[PDB]
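Next up is one chain by itself, shown in structure tokens, the form deposited in one PDB entry.
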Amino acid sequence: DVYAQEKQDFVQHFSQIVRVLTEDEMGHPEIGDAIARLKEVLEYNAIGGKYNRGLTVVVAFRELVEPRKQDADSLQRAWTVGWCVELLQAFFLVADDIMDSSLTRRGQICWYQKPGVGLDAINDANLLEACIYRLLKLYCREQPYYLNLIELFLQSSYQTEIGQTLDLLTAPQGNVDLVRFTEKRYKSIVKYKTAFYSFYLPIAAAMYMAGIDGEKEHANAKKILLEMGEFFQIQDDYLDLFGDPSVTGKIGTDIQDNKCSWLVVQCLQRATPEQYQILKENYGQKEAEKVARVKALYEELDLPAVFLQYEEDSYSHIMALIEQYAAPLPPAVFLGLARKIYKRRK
């Protein structure tokens, strides 16, 4: 609703992002072909999603800055930093689809899967990352929060990259070992790989832009947001298998990639020793027959019902945390982000 009114002005700002990014270096006509590839990469990989993360920067900025201090220019910056978060997203997703061997994303073929692209996607991805820091300098170089943002984004990338490492160490291909799929392992992985960049990053960027740079205040917002992140990854693992592809925009790969999913951790807990053997025998394989066998065990142990219940208990718990931790920040900040991910299907 608040995200709804802000969407239009955000998405439209994307022309300028691409304009400023493909001009400030176009006084060097030599790299023009590269700059054209940039425009192409940007419009394929930063466009077509829900923009939850970038909108959070924008939405939270308004609720934190006093209306007098929301000038045309100060807002411009808010939309740019919001798109910077969206580019971190694009950067990670491009690489991740390669590493996960994904077939679609946001309802189209993955960038590396487009003919003519392939493993060049790698350099495209690193470029998307570089653009974050180009924009920060072009728009915020003179701001007092400028170094805070630079360090926040880098720190955040390091974290989700430590997250990815954990994710991949836990899911060797051809190497099934249900034993390693524990609750602690799951909790660590999602906290690092999703929670920081998807939830702490946007709100904190908006905080720093609003002057709120206090260490306790960030620690407190972080307490709320790492919890929402963990809920958000669990919902994502569920959708991976049980969500509709025409809605999520992607084809799930968690069982095939031998991933430490939430479903798999929940299965191994409710598993009778004979179901354990089914799972131990059908997980992390490309065979469709064997993947359905796994999905059938999940439906048999009623994981879809367990997940729905978790969603409820989780949502009430985030709410408690917001009650305990939101001040001195407007509870509408976290409430808005929480409403946007509650009962999502994409």
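Rigid core: the largest C-alpha set superposing within 1.5 Å between the two forms. The first residue of the shown sequence is 1; numbering continues from there.
Another form, the form deposited with a small molecule bound, is not on view; read the next lines as being about it.
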The stretch from 266-274, 141-149, 174-182, 231-239 that lies within 4.5 Å of the small molecule in the entry with it bound, judged by heavy atoms, is 231-239
Should residue 222 be counted as a contact of the small molecule in the entry with it bound, where contact means heavy atoms within 4.5 Å?
no
Does residue 79 make contact with the small molecule in the entry with it bound, using a 4.5 Å heavy atom cut-off?
no
Do residue 111 and the small molecule share at least one heavy atom pair within 4.5 Å in the entry with it bound?
no
Does the small molecule come within 4.5 Å of any heavy atom of residue 2 in the entry with it bound?
no
Tell me, please, whether between this form and the one not shown the C-alpha of residue 89 is shifted by 2 Å or more, with the rigid core used for superposition.
no
Honestly, after the rigid core fit, is residue 285 moving at least 2 Å at Cα between this form and the one not shown?
yes
Does superposing the core leave residue 252 with a CA shift of 2 Å or more between this form and the one not shown?
yes
